[PDB]
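**Q** Could you have a look at this structure, given as structure tokens, before my questions?
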Amino acid sequence: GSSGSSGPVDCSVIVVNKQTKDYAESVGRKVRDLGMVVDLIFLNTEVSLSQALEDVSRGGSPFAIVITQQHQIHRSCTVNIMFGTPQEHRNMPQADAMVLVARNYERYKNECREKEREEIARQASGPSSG
């Protein structure tokens, strides 16, 4: 390796609010219980959601979870896929999300792996270096 910053998050959790630090800390770990890389994005009065969504895609994050005060009450997040057809799941129960994520993920991987190292046989410094 070299250092290891973080990389692409299978399912990144978007939490603009702070109060939802624990609640979000779950939905995120929940996706991890499936064996999917998840992270927590805190935007404590900083930037906006999109700003994160933009980094989500560009970052690689195929799935992005939306968290917020309300979402806390209803206890539901918004799973927005970044890869493949534009599928926007609005209002979804954790259990479901976990299934929609655990399910999609399975497939996504099938398309992710593809094969033992793509045809490309040369790295010569890749993306994300800093």
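Residue names in the structure tokens use chain letters A, B, ... in the order shown, residue numbers from 1 in each chain, and ligand numbers from 1 in the order shown.
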Show me a table, sorted first by chain and then by increasing residue number, of the residues of segment 47-86 of chain A having an atom at most 7 Å from segment 7-29 of chain A, each with its shortest atom pair and the distance in Å to one decimal, counting only C-alpha atoms and written as CSV.

**A**
```
residue,atom,partner,partner_atom,distance
A:49,CA,A:16,CA,6.8
A:59,CA,A:8,CA,5.6
A:60,CA,A:8,CA,4.9
A:61,CA,A:9,CA,4.7
A:62,CA,A:10,CA,6.0
A:63,CA,A:11,CA,4.5
A:64,CA,A:12,CA,4.9
A:65,CA,A:13,CA,4.5
A:66,CA,A:14,CA,4.8
A:67,CA,A:15,CA,4.7
A:68,CA,A:17,CA,5.9
A:69,CA,A:20,CA,6.6
A:72,CA,A:20,CA,6.9
```

**Q** What does the file look like for those residues with C-alpha atoms, as an mmCIF file, in the first residue's frame?

**A**
```
data_model
loop_
_atom_site.group_PDB
_atom_site.id
_atom_site.type_symbol
_atom_site.label_atom_id
_atom_site.label_comp_id
_atom_site.auth_asym_id
_atom_site.auth_seq_id
_atom_site.Cartn_x
_atom_site.Cartn_y
_atom_site.Cartn_z
ATOM 1 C CA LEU A 49 -25.990 17.779 0.957
ATOM 2 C CA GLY A 59 -15.760 9.347 -4.795
ATOM 3 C CA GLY A 60 -17.261 6.122 -6.086
ATOM 4 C CA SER A 61 -19.894 5.686 -3.403
ATOM 5 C CA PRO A 62 -22.600 3.806 -5.314
ATOM 6 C CA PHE A 63 -25.108 4.136 -2.499
ATOM 7 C CA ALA A 64 -25.714 7.236 -0.414
ATOM 8 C CA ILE A 65 -27.895 7.277 2.680
ATOM 9 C CA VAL A 66 -29.693 10.457 3.671
ATOM 10 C CA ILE A 67 -30.098 11.310 7.336
ATOM 11 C CA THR A 68 -31.820 14.187 9.093
ATOM 12 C CA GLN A 69 -33.859 15.169 12.127
ATOM 13 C CA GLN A 72 -34.754 10.315 12.710
#
```

**Q** Could you pull out the residues in segment 14-72 of chain A that DSSP calls alpha helix (DSSP H) from the backbone, as a VMD selection string?

**A** chain A and resid 22 to 32 49 to 59 69 to 70

**Q** Could you find all residues in segment 3-106 of chain A that DSSP calls strand (DSSP E or B) from the backbone, and write them as a PyMOL selection string?

**A** chain A and resi 11-15+38-42+63-67+76-81+88-93

**Q** Separation of atom CA of residue 75 of chain A and atom CA of residue 89 of chain A, in Å?

**A**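 That distance, rounded to one decimal, is 14.7 Å.
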
**Q** For residue 128 of chain A, which of A:78, A:36, A:41, A:58 is the closest residue, counting only C-alpha atoms?

**A**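 Among the listed residues, A:58 lies closest to residue 128 of chain A.
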
**Q** Work out how far apart atom CA of residue 31 of chain A and atom CA of residue 106 of chain A are and give it in Å to one decimal.

**A**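 That distance, rounded to one decimal, is 12.3 Å.
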